[PDB]
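Next come the chains, spelled out residue by residue.
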Amino acid sequence: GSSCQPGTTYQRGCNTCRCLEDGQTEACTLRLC
């Protein structure tokens, strides 16, 4: 398995994240929480 499952969506605390196609990178929002 990779560090995230590509295409999955979840939260990191108050931020929303998406696992990118390489399963080793994620796109998150920029809230301070």
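About the criteria used
- Residues numbered from 1 in each chain as written, not as in the entry; some residues may be left out.
- Heavy atoms only, no water.
- Pairing = 2+ DSSP bridges.
- Helix = DSSP H or I, 4+ residues; strand = E, 2+ residues; numbered from the N terminus.
- Axes fitted to C-alpha atoms, helices over the stretch in contact; angles between N-to-C directions.
- Disulfide = S-S within 2.5 Å.

Structure determination for this entry is recorded as X-ray crystallography, at 1.7900 Å resolution.

Readers searching the PDB will find this entry under the title "Pacifastin related protease inhibitors".

Here the focus is the sheet that holds strand β2 (residues 15-19). Sheet strands associate in pairs through backbone hydrogen bonding, adopting either a parallel or an antiparallel arrangement. The 3 strands lie next to each other as β1-β2-β3, forming an open sheet whose pairing is antiparallel. Looking at the sheet topology across the chains shown, the edges are occupied by β1 (9-12) and β3 (26-28). Neighbour to neighbour, the strand axes of the sheet diverge by 30° on average, direction disregarded. Across 3 bridges, the pairing between β2 and β3 is antiparallel. Looking at β3, one finds that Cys-17 is bridged to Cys-28.

On to the state of the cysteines. Evaluation of the coordinates by the stated rule reveals 3 disulfides. Between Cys-4 and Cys-19 runs a disulfide, and the two sulfur atoms are separated by 2.0 Å. Every disulfide takes its handedness from the sign of the S-S torsion; for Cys-4 and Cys-19 that torsion is 80°, giving right-handed. Taken together, the residues span a long stretch of sequence, with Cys-4 in the segment before β1 and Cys-19 in strand β2 at a distance of 15 residues. A disulfide bridge connects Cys-14 with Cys-33, and the sulfur atoms are separated by 2.0 Å. Its torsion about the S-S bond being -85°, the disulfide of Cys-14 and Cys-33 is classed as left-handed. You can see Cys-14 sitting in the loop between β1 and β2 and its partner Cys-33 sitting in the segment after β3, a full 19 residues away along the chain.

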